[PDB]
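Chemist: Attaching a single structure in structure tokens format; questions to follow.
All of the numbers you see were taken from the coordinates with simple rules; none came from a lab. Virtual Cβ from ideal backbone geometry, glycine too; neighbours counted across all protein chains shown.
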4 protein chains.
Amino acid sequence: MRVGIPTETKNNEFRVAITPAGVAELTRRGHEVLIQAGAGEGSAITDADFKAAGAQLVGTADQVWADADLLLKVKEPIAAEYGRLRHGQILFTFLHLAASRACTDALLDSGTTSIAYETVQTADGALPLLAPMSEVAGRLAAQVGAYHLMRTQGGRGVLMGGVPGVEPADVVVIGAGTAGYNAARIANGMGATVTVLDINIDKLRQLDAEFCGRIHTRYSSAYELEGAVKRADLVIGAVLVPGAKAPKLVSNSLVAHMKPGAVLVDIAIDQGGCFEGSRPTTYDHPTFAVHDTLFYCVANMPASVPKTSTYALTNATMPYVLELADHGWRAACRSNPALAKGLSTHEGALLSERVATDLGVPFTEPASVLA
Amino acid sequence: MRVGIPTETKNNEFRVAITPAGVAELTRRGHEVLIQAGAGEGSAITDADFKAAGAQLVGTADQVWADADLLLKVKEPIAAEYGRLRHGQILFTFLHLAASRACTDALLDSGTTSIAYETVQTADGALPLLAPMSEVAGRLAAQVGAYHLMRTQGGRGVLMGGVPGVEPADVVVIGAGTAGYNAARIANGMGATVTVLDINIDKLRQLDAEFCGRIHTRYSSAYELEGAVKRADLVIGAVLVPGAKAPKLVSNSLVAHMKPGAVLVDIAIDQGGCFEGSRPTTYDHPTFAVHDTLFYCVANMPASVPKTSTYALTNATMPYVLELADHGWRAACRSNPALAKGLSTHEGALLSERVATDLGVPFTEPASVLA
Amino acid sequence: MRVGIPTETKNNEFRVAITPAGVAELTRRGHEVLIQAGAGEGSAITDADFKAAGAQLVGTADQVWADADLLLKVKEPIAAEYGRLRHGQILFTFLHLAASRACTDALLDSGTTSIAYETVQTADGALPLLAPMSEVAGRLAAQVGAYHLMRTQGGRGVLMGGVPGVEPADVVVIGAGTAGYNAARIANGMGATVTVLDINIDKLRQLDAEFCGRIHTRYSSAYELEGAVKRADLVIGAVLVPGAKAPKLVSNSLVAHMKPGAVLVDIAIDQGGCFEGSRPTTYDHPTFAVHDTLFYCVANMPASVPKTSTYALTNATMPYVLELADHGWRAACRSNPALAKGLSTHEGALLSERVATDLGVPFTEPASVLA
Amino acid sequence: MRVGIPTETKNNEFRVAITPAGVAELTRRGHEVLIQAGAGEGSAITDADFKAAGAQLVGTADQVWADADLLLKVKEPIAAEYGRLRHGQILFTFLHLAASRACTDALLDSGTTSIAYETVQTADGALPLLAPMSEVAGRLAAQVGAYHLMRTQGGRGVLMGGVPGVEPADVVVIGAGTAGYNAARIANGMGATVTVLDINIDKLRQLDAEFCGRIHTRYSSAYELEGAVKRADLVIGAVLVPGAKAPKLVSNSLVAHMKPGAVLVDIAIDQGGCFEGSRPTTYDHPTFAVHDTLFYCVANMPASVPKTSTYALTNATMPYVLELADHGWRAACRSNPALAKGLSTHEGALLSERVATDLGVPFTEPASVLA
Ligand SMILES: NC(=O)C1=CN([C@@H]2O[C@H](COP(=O)(O)OP(=O)(O)OC[C@H]3O[C@@H](n4cnc5c(N)ncnc54)[C@H](O)[C@@H]3O)[C@@H](O)[C@H]2O)C=CC1
Ligand SMILES: NC(=O)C1=CN([C@@H]2O[C@H](COP(=O)(O)OP(=O)(O)OC[C@H]3O[C@@H](n4cnc5c(N)ncnc54)[C@H](O)[C@@H]3O)[C@@H](O)[C@H]2O)C=CC1
Ligand SMILES: NC(=O)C1=CN([C@@H]2O[C@H](COP(=O)(O)OP(=O)(O)OC[C@H]3O[C@@H](n4cnc5c(N)ncnc54)[C@H](O)[C@@H]3O)[C@@H](O)[C@H]2O)C=CC1
Ligand SMILES: NC(=O)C1=CN([C@@H]2O[C@H](COP(=O)(O)OP(=O)(O)OC[C@H]3O[C@@H](n4cnc5c(N)ncnc54)[C@H](O)[C@@H]3O)[C@@H](O)[C@H]2O)C=CC1
């Protein structure tokens, strides 16, 4: 089939959904690979690199979208792309539909078949395509939080690790999953005192063992959470219920009681944000004031480190890309339950129960479109 | 005597040279403490906090300077302050004279008595007043280097620590002293691959043992230095010869051979810079381009984390401040050889041999003005 | 000469001042070794073990004391032993004279020559005979503090290390020297959050590097000390000025503000105690109440682990014992400045300036009795 | 329904089965919470704290027991409570029935419905309600073992971690599960040389990886076990077969060959003890002599650290408490197989096969009382 990769268009989005190695393997398998001129430049993959791997370089986005049987992207379609969505095409990308009625409607109205990276899910419950991006975003949260704690950025003016004889920053991570663990690990490595909260005690045990208690763990009761947040210099929101809109765990009322110049990084912004005061920001304007604190709410954090994140992502997605190209969506999803869990839309039907619930929109069973 | 502390005026300088506790101890000893209204605000020390500790709050900088027998500052006098320097007054602050003929001339022409924090030196050869700032600056270099490696900042677009299956950043630290050790430690904590060079093998042996080889050490031969720099995503320049202009270790020719978007942080900029291409930048405009790389050359790095660095600095300086106030410069320096090594100017005479050599200016023996 | 070792008589004192190996080395050098029957039993060294090494086992303490030219002990003479002190005899033991006018007077009135283990001091300033006992006492403070934190012991009822999801104990160590470092290390190993204070920043810098920030370090300002103590579940007092009465750093007023059931272990009790409320306790009755807290003030902590501490002590003391036996006190002290610093009394003259100052008693120069 | 929490009555039992937060959530759900006056005081939860959360404070235990539909406790009913057990009430607490015919009979004769915390078991085989108490007891075993190794407690007189140049204690842990891992981790953190035995090699691999071999692992053959025990200063028994009486792994004959003053802590005492010589002790009298060793056999170890263990326990139990209150035992157990595995008695029927086998008492299938 024809596999198309357009240039990402979200603000400062430097990632691309395929590398030369993936192009070469698709072509080895009898597929036609179409790629918009310039699509890999953010990730230092020249048109010439893609050409040598076997891609057809096309001048415009409209052609990639029109010609592709399988359209591969990194981020969700944005408003200017809603018109490019079409019936009879497979879209494979991060979707975050529980967080956007407008995006969901556009997919449904177009009749396109869409599969979300972030709801592809193996039998152990893991999300193998979200995981590498959660790892990137977690590590970035720590480095971005430390930078914004500087007085010159409007922060409290506290050094992450302190220096001998002087207290370090107090960092609170909400969620001990992939992003939270990665945020905690880097923040701890920068010398901050790190506390991680979760409602899953198993995850806290795992963190306790891995750092031998150097990273503090607190069960996420209302009392522990509020107490930790009030004391924090930096809060990193990293909770998830797979495919769902993030729960609102930190109220604006709580934020009003925080130390002046504290920083809050809402990693969960891609699913709507786990802070009440969150709204999406971009790399051009990443922060805004809430009460006397600074919120950071970038829904495409890994975009700033494309040399790392393009590869991390495609190492994970490629086996799934190959099965979709070889067999088409129905046969691929039929053969792979994990893949099938990423199914989101098809011919105006919404195939995710959690998305349908969060948006208040009718749900149709995926088994129905697969049988 | 009268101990005066004016507001710092260098760009984005949020530190202050004393805290309420130091003010209280000075007043307990019969000293008059004069402080410019607003001087502690960058460090979250209000005029009211200084007042309660015993300070006289004065409206203008000119008064502090005119009235103080001992003038305490954080950074060197800048141009607009040259007219405030006076004969009969002791100035105790960071000076960096080997890096500024203009500052040195101003001190000499004023006839003031000046002692440099950074050349106060104990008999083991350590610089106890520079050390905590070198600790701050080293830790900041890692976090600031990581941030500027982001594509959105003009950098290469590589995450410090990578993620599983994908390479981390390659970090090179030149100098294994206080600043370099701290930069290496934080960069390593962020998951970067860190290589540290020095000409002092003892210092490399210490780093090797502390991290049991996780931080790489290379003797600083031309071959090792050039090779490490060409491979680096981030270079941190942290060399020092006490009180001297920094040696130029990284040529612009070498920089032309580096990877595009690499970042170079010149911590040694306060002493003139150890990179050939270095020139001082400010927190307002911290970076500039050299060839295809980004240089970061801020001479007052600890200013951005004043809640940490004001205290770190004053924990160290205060015992020296108390000796100078109790006994005056001559008797304090007679009693304390370490203090006496900080002696820089007195009545138009330049008292540092290393500074005199570097600037091409007459040297006068400090034992002569202490006899 | 005759080297005598009596049985220790302080409460629960299970240590002994020599082992079979030391006895054998003394006898190899032509010395007569006299040991009280039963002296080694606390340390599991039977009379038969000492006999086989060459010792003369004697039935009574009075004989050991009467016959010995060099008398080796572990702890200071107590009241019932004051009548055994004699002119012409060398006493070599822990003395702690700055803490006991009564002990000092007894030594002075007897005219005996005494050398204190704890003031023997090498040119680097280290106290090589105190050090291994400080190591023992520091490690014990952590384990004894943890035990007394149990509700069943009157303490707050908090587990040292917490468990995943639940806060650990907050431990504050005052003094970053041998005892404090060892207390911090063990407390941290038990999973407590440990903060260590000192006025010597060099020592904090060393702790910071050794644990890469896992043990918190705070410069010991009034503000940091008071704040840390109010938050603490367990406080360990481990400060020292060599040969001096301990400074009083924790007021009873501060103790009144602590959490109910907090535990305070005063390791510095042997030198008078660094807590205002401290008074010496014994292993039989180790604790007492101050306000709503529990104080632990045992002046012979290493006695409880004699299998460890007898050997640790004698590994260190023996080379000094051999010098004193071979050459006598005057020539040994003439040859070894470190040994000479332990000189405490001789023929009614007090030879330590620090002790003399603390007790308000005339000082006589040790160079005078060595000339 | 009515949820009742009486004061614990076992010796020195300071835990309570609910906290204010749990009370508040039960009341939010339409349940009536009854709590005996004083029940939370051991855990520093005042009657006023429980009152503010919504509980009815009742004067006597008899009323709590009579009125409660769901009775929540920490420990098993003791003799003086056997008369309070009633038909038509759900009891949810630690039971340890395989270790007490008398307790089992009382439950059976009363006709009450009982569910054991310690046999609630998820599909991975884990025991999520036992786990936090195993974590507490393991960590306590190390600290309690170290204390009793002191000569002043009748132990060998060896310091847990030794000091430089002198050997540390030799610690042997039997069982590499939750309690054993926690005991090993703390003992290692105190500087002891730790060896852990198990028949499950997977658990030994996990320990080997987590400490990179610093904690020794030995397959639990008769040879390795006997050899390790004879060499040990401290033995910690931490084996379990879920719901079963502990196997007797250390014979009195073996104990006769141990070093004099060795300490044995039998954590498995709650299930009957894994040492042949074990019998339950209390916090009032925790130890007794076997041959020349000291046995410690406290069946309610976490009771001494209630500020830690009350919260650890209730963080785990609460989701199960809520389901029992909302739906009653039959529907809750029907919906939750893990919960259903804790089913122990109902109307005179014993529902645990392992308990019935160990006691030699008839077994009835749980599916029979659930269908
Ligand atoms: N902003 C960005 O650019 C990126 C955002 N993300 C987002 O980061 C978030 C976290 O992702 P992962 O770490 O991979 O998820 P994960 O599933 O590995 O971890 C989520 C954790 O949150 C915990 N949790 C859920 N509800 C909670 C509550 N009410 N209180 C406390 N803890 C709670 C869960 O128990 C779980 O341990 C997701 O929204 C993900 O989409 C991921 C990559 C990039
Ligand atoms: N930009 C800023 O705001 C601040 C800058 N600094 C500066 O950082 C610099 C480093 O200071 P510290 O780490 O405290 O000094 P340090 O004396 O502790 O270490 C300097 C190291 O550089 C090494 N070195 C000297 N010449 C060398 C050569 N040719 N090649 C390789 N290594 C060489 C030395 O052997 C020494 O180990 C100084 O200029 C200091 O003033 C310090 C604080 C703040
Ligand atoms: N109770 C017992 O059985 C034993 C008690 N000790 C005692 O433990 C105490 C500590 O001994 P080491 O650790 O060997 O001494 P050390 O000399 O190694 O360390 C003492 C530390 O206290 C610090 N210090 C002094 N004054 C201070 C102040 N005002 N505030 C904060 N820190 C201050 C010093 O800077 C130094 O780092 C001594 O009194 C020693 O005799 C030692 C062994 C056994
Ligand atoms: N005394 C007290 O206050 C408390 C006692 N406990 C008890 O501690 C004991 C251990 O609990 P957990 O660590 O949670 O259990 P677990 O199931 O996590 O670990 C038990 C380990 O024992 C091993 N084992 C079983 N039979 C063995 C044999 N014959 N030889 C060698 N190893 C063997 C298993 O393979 C397993 O790894 C249980 O009896 C538990 O009820 C728990 C909490 C408090």
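Chemist: Could you name the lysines in cross-link range of D:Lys51, using Cα to Cα under 30 Å and dropping any fewer than eight places away on the same chain?
Modeler: Partners within reach: A:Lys230, A:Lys248, C:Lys230, C:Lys259, D:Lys10, D:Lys73, D:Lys75, D:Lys307.
Chemist: Based on Cβ point charges of +1 for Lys and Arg and -1 for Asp and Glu, what charge dipole magnitude is obtained for the protein assembly as shown about its Cα centre, in debye rounded to the nearest 20?
Modeler: Computed charge dipole of the protein assembly as shown: roughly 400 debye.
Chemist: Could you give the length gained by full extension between A:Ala367 and A:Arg334, i.e. 0.36 nm per residue of separation minus their alpha carbon distance, to one decimal place?
Modeler: Additional length available on full extension: 11.0 nm.
Chemist: I would also like to ask the following. Measuring label to label, 7 Å along Cα→Cβ, what does A:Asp124 give against each other copy in nm, shortest first?
Modeler: Listed shortest first, these distances are 1.0, 4.9, 4.9 nm.
Chemist: Can you tell me what share of the DSSP beta bridges in region C:130-305 is antiparallel? A percent to the nearest 5 is fine.
Modeler: Bridges in region C:130-305 are about 20 percent antiparallel.
Chemist: Treating only the Cβ of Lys, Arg, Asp and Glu as charged (+1, +1, -1, -1), what charge dipole size does region A:130-305 show about its Cα centre? Round to the nearest 20 debye.
Modeler: Dipole about the Cα centre, nearest 20: 100 debye.
Chemist: Please express the shape of chain D as an equivalent ellipsoid: the semi-axes are the square roots of 5 times the eigenvalues of the C-alpha gyration tensor, given largest first in whole angstrom.
Modeler: Whole-Å semi-axes of the equivalent ellipsoid: 37, 22, 19.
Chemist: Name the most mobile residue of A:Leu72, A:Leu91, A:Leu322, meaning the one with the largest mean-square fluctuation, in a Gaussian network model of chain A with Cα contacts below 10 Å.
Modeler: Among A:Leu72, A:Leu91, A:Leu322, the largest GNM mean-square fluctuation belongs to A:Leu322.
Chemist: If you don't mind, there's one more thing I want to ask. Based on DSSP, what percent of beta bridges with both residues in chain C are antiparallel, to the nearest 5?
Modeler: Among the beta bridges of chain C, antiparallel pairing accounts for roughly 20 percent.
Chemist: Projected onto the charge dipole of chain C (+1 at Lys/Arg Cβ, -1 at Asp/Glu Cβ, origin at the Cα centre), which of C:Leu108, C:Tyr82, C:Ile236 gives the Cα projection farthest towards the positive end?
Modeler: Selected residue: C:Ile236.
Chemist: I want to verify the translational diffusion coefficient of region A:201-240 in µm²/s; compute it with Stokes-Einstein, Rh as the Kirkwood radius over Cα pairs, at 20 °C and 1.002 mPa s.
Modeler: 190 µm²/s
Chemist: Per DSSP H run of at least 4 residues, take -39500 (n - 2.57); add these up for chain A, divide by its residues and hand me the 222 nm value, nearest 500 deg cm²/dmol.
Modeler: Estimated from H runs of four or more residues: -10500 deg cm²/dmol.
Chemist: Going 7 Å from Cα along the Cα-Cβ axis for the label, what nanometre distances separate C:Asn200 from the same residue across the other copies?
Modeler: The answer, with the shortest distance listed first, is 2.1, 4.8, 4.9 nm.
Chemist: Report, in cubic angstrom per residue, the convex hull volume of the C-alpha atoms of region D:20-107.
Modeler: Expressed per residue, the convex hull around the Cα atoms of region D:20-107 is 104 Å³.
Chemist: Return the chain D residue and its Cβ-to-axis distance, rounded to the nearest Å, for the rotation relating D to A.
Modeler: D:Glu210, 5
Chemist: How large is the Kirkwood hydrodynamic radius of the protein assembly as shown, in angstrom, based on all distinct alpha carbon pairs?
Modeler: 35.9 Å
Chemist: Give the average over all directions of the projected area of the C-alpha convex hull of region C:305-354, one decimal, in nm².
Modeler: For region C:305-354, averaging the hull's shadow over all directions gives 4.7 nm².
Chemist: Taking the Cα of A:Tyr223, stepping 7 Å toward and past its beta carbon, and measuring to each backbone N in region C:137-167: which are under 16 Å?
Modeler: Inside the label zone: C:157-159, C:163, C:165-167.
Chemist: Next question. For region A:208-275, give the magnitude of the charge dipole about the Cα centre (Cβ charges: +1 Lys/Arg, -1 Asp/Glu; no others), in debye to the nearest 20.
Modeler: Here the size comes out at about 180 debye.
Chemist: With θ set to phi - 60°, apply the Karplus curve 6.51 cos²θ - 1.76 cosθ + 1.60 along region A:98-110 and write out the HN-Hα couplings as whole Hz, x wherever there is a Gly or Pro.
Modeler: Coupling constants for region A:98-110: 4, 9, 8, 4, 5, 5, 4, 4, 5, 4, 4, 5, 6 Hz.
Chemist: I've got another one for you. Name the longest site-free stretch of chain B, where the excluded sites are GluC sites (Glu not before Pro) in a DSSP loop with no more than 16 other beta-carbon atoms within 10 Å.
Modeler: My reading of the result: B:1-275 is the longest stretch.
Chemist: Show me, bin by bin at 10 Å from 0, the whole-percent P(r) of region A:205-349 based on Cα pairs.
Modeler: Taking every Cα pair in region A:205-349, the percentages come to 10, 27, 30, 22, 10, 1.
Chemist: Identify the trypsin sites (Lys or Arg not before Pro) of region D:134-231 meeting these criteria: DSSP loop state and at most 12 other C-beta atoms within 10 Å of the C-beta.
Modeler: D:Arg214
Chemist: Still on this structure, I have one more. Along Cα→Cβ at 7 Å, what distances in nm separate the D:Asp62 label point from those on the other copies, shortest first?
Modeler: 6.9, 9.0, 9.0
Chemist: Where a ≥ b ≥ c are the square roots of the eigenvalues of the C-alpha gyration tensor, would you call region B:130-305 rounded, which needs a/c under 1.5, or, failing that, prolate if a/b is larger than b/c, or oblate?
Modeler: rounded
Chemist: Just going by the charge dipole of chain C, with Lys and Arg at +1 and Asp and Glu at -1 on Cβ, which of C:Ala137, C:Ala349, C:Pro164 is farthest out on the positive end?
Modeler: C:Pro164
Chemist: Follow-up. Please find the FRET efficiency linking B:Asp202 to A:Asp109, where r is the Cβ-Cβ separation and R0 is fixed at 51 Å, and quote it to the nearest 0.05.
Modeler: It comes out at approximately 0.10.
Chemist: May I ask you to derive the FRET efficiency for A:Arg2 and A:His285 from their Cβ-Cβ distance with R0 = 25 Å, giving the value to the nearest 0.05?
Modeler: The computed FRET efficiency comes out at 0.10.
Chemist: Where the centroid of each part is defined by its Cα atoms, how far is region C:60-103 from region B:73-151 in Å?
Modeler: Value for the Cα centre distance between the two parts: 57 Å.
Chemist: Still on this structure, please answer the following. Looking at the protein assembly as shown only, what percent of DSSP beta bridges run antiparallel? Nearest 5 please.
Modeler: 20 percent
Chemist: Right, something else. For the pair A:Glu353/A:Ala24, report the inter-label distance in nm, with labels modelled 7 Å from Cα in the Cβ direction.
Modeler: Output for this residue pair reads 4.4 nm.
Chemist: Considering only C-alpha atoms, what is the centroid distance from region D:204-219 to region B:293-367, in Å?
Modeler: 53 Å
Chemist: For the Cα atoms of chain C, what angle does the longest principal axis make with the long axis of helix C:201-210, in degrees from 0 to 90, nearest 10?
Modeler: Rounded to the nearest ten degrees, it is 80.
Chemist: Enumerate the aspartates and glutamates that A:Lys203 could reach by cross-link, defined here as Cα to Cα under 18 Å, with residues fewer than 8 away along the same chain left out.
Modeler: Correct list for A:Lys203: A:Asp124, A:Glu135, A:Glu224, C:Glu167, D:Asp124, D:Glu135, D:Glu210.
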